[PDB]
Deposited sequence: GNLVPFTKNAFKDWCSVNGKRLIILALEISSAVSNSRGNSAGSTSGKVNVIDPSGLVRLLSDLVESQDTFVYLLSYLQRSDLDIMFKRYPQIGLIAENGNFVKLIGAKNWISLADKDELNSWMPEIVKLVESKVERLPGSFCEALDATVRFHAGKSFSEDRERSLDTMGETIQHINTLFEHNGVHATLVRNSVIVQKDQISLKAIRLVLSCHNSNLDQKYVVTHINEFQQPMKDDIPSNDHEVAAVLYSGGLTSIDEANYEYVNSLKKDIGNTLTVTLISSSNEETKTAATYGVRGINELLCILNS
């Protein structure tokens, strides 16, 4: 609420560089007929000028699984995709997904996580389990209205249970809205770093896949190649803990990239919530109109 408003001038200033521009948009995409939600065709339409620019690369960061995103954006190859918050990446123009998630890790831990969450569901009527390929989400569902206190208690209990058992694997549970999400530590940061590296150092997919262990390493270890092909990076999101980690990371890139900009969607009322984003916008249409200017 106390952030400087995102404007066309601030955006155009950010664009004022010699080199590639990387834009990562963490948006809730829905094909349904929250209020800051948009459909695939609307997103592409509202950014038609932005994407048609030759030096600009736009990526969607989404919690959705690969198969849902492929259905949504099959007709729109101009948009890069990052699925399940970073576990999978489809570079612009690519036919195949890159798995940042390690399949042996998935095969080993996902069934245990799902079983654990399902056992919580049994003891909390109205709740349900959503299992994707590399993430698990425990939804309070109707249990939240039946008894919000019991629901929150059970979710907090579940967070402690999962973190105690899986933290050593680099896996954590977090409370997001009225659900618990289980994911790989800093996987969104690692995906952003991977996408940035590809466009910054001109990596082809085969190199990335062959050297995927390097992109799976902790965010601490970072020495970028001589290339500065990308001269500007922008991240837009909301006000979640995961967004915050992304804002802080993109903000920190100012030492390596040149121009960086972070902007968050704000509303009435999450105005008092703290954020590391530099700028704020009050709606998705306003955000996209600025980015397309």
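Where C-alpha coordinates are absent, the deposited sequence of this PDB chain has only the segment 34 to 46.
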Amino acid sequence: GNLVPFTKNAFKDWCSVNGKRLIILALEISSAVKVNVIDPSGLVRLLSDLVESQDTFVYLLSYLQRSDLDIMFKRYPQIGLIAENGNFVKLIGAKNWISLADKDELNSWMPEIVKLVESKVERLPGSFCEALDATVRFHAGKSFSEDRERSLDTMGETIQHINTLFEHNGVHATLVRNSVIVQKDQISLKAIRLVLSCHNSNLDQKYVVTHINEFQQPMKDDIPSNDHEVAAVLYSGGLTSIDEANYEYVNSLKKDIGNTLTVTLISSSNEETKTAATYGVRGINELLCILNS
From here on, numbers count along this sequence of modelled residues.
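Note on 36 to 44 vs 232 to 240: mean CA B-factor is higher in 36 to 44.
Between 258 to 266 and 62 to 70, it is 258 to 266 that carries the larger average Cα temperature factor according to the deposited entry. Looking only at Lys190, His168, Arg150, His199, the residue with the top Cα B factor in the deposited structure is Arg150. The residue among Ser30, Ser225, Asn246, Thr56 whose C-alpha atom has the highest B-factor in the PDB entry is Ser225. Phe128: CA B factor lies in the middle third for its chain, per the PDB record. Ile23 sits in the lowest third of its chain by CA B factor, as recorded in the PDB entry.
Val4 sits in the highest third of its chain by CA B factor, as recorded in the PDB entry. Per the PDB record, residue ranking by Cα B-factor puts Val176 in the highest third of the chain. In the deposited entry, the Cα temperature factor of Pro218 places it in the highest third of its chain's modelled residues.
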